[PDB]
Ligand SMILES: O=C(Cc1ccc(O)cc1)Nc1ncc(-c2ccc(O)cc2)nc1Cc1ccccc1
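Shown next as structure tokens: one chain only, the form deposited without this ligand.
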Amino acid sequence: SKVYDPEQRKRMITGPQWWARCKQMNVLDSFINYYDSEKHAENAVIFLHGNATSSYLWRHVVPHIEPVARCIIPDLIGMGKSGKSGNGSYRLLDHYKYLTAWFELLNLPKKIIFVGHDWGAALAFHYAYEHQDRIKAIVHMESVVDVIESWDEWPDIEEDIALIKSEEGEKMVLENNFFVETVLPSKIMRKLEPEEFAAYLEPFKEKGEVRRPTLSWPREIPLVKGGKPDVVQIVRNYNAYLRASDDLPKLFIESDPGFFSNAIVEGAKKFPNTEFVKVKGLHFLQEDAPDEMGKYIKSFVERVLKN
């Protein structure tokens, strides 16, 4: 960059710059690429991206939080610079298998903090449900909070999911990279620098099966009518648990104007002990308000740990 460039270019962290700061660890039959701030390891804040993205999504958020707790940020299996799944499956429970095996190797404390976006939040919530004594706090945003029914902003959701579950949906993703090349830039308000978009494109630059995780994620959607039954049960279970979790501090980060935020905020409001903040964004809000997000999370984590 040069001094005369826009601020977003002067602040840019490229893919190679981010990847050089990551570590790799063998996990089961594969490996996970991840960022680990290491210091302040008495707590661990695990940041989980969702569809289309990777640990790179959090690169401008994490600097704010590192000074108060160890921050650990994986590329989910099949995504970013992580290895692939050994049986070629990329369902929620495949991701959960690798995530939990990875946790066992990280020297974590008994109670951890999650920061989840999109399907990353679903992984956090399911982990919490299954390990209710291992959760200190949860931050969530644009998240899978509950089972899903057609609603006012999206009246034909069943039909759109039918499309994504069809062969034409498969073409849209595996052939045309729909989620990375179309949806991702559309749901960030700002312009990504070429190198920033390149970091998201890189894992999925080739046509075909390498793009499978970006097709598999939306096919997991917990629709009340048509949802995968294992995911529907997982979400029903963790939703009931979260509604009753009076002693579990939560932070919900709403995007303004948002994508899923307006439809899911009422769902998020059903969880007790939730602090609510709002930042600029559509779906990938980390790209539109990373500093505000990082500061709100830092403050929340500090107060959770003090109280």
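For every residue, the number given is its place in the sequence shown, counted from 1. If you superpose the two forms and keep the largest set of C-alpha atoms that fall within 1.5 Å, you have the rigid core.
We do not show the form solved in complex with this ligand, though everything after this point is about it.
- When the site C-alphas are superposed and this ligand is set in place as seen in the deposited complex, is this chain open or blocked (3 or more ligand atoms within 2.4 angstroms of backbone or C-beta)? In the deposited complex, this ligand occupies a site that, on this form, remains open once the ligand is superposed onto it.
- Query: Since exactly one of 179, 197, 103, 96 fits, which has a heavy atom within 4.5 Å of this ligand in the deposited complex?
  - Reply: That would be 179.
- Query: Are any of the heavy atoms in residue 144 no more than 4.5 Å from a heavy atom of this ligand in the deposited complex?
  - Reply: The answer is yes: residue 144 has a heavy atom within 4.5 Å of this ligand.
- Can any non-hydrogen atom of residue 51 be found within 4.5 angstroms of this ligand in the deposited complex? Residue 51 belongs to the contact set for this ligand.
- Message: Since only the chain is shown here, I'm wondering whether residue 127 would be in contact with this ligand in the deposited complex (any heavy atom pair within 4.5 Å).
- Response: No - in the deposited complex, heavy atoms of residue 127 and this ligand never come within 4.5 Å of each other.
- Item | Contact of residue 161 with this ligand in the deposited complex (heavy atom, 4.5 Å) | Contact check for residue 161: yes, within 4.5 Å of this ligand in the deposited complex.
- Query: Is every one of 183, 221 and 284 in contact with this ligand in the deposited complex, taking contact as a heavy atom within 4.5 Å?
  - Reply: Verified in the deposited complex; spot residues all in contact, yes.
- Query: Can you say which of 240-248, 29-37, 255-263, 271-279 gets within 4.5 Å of this ligand in the deposited complex, counting heavy atoms only?
  - Reply: Going by heavy atoms within 4.5 Å, the stretch is 255-263.
- Task: Might you check 130, 159, 195, 206 and identify the only one whose CA position changes by 2 Å or more between this form and the one not shown on rigid-core superposition?
- Result: Everything else stays below 2 Å; the exception is 159.
- Answer with closer or farther for the CA-CA spacing of residue 154 and residue 266 in the deposited complex compared to the shown form; it moves by 3 Å or more. They are closer; the C-alpha distance drops by 3 Å or more in the deposited complex.
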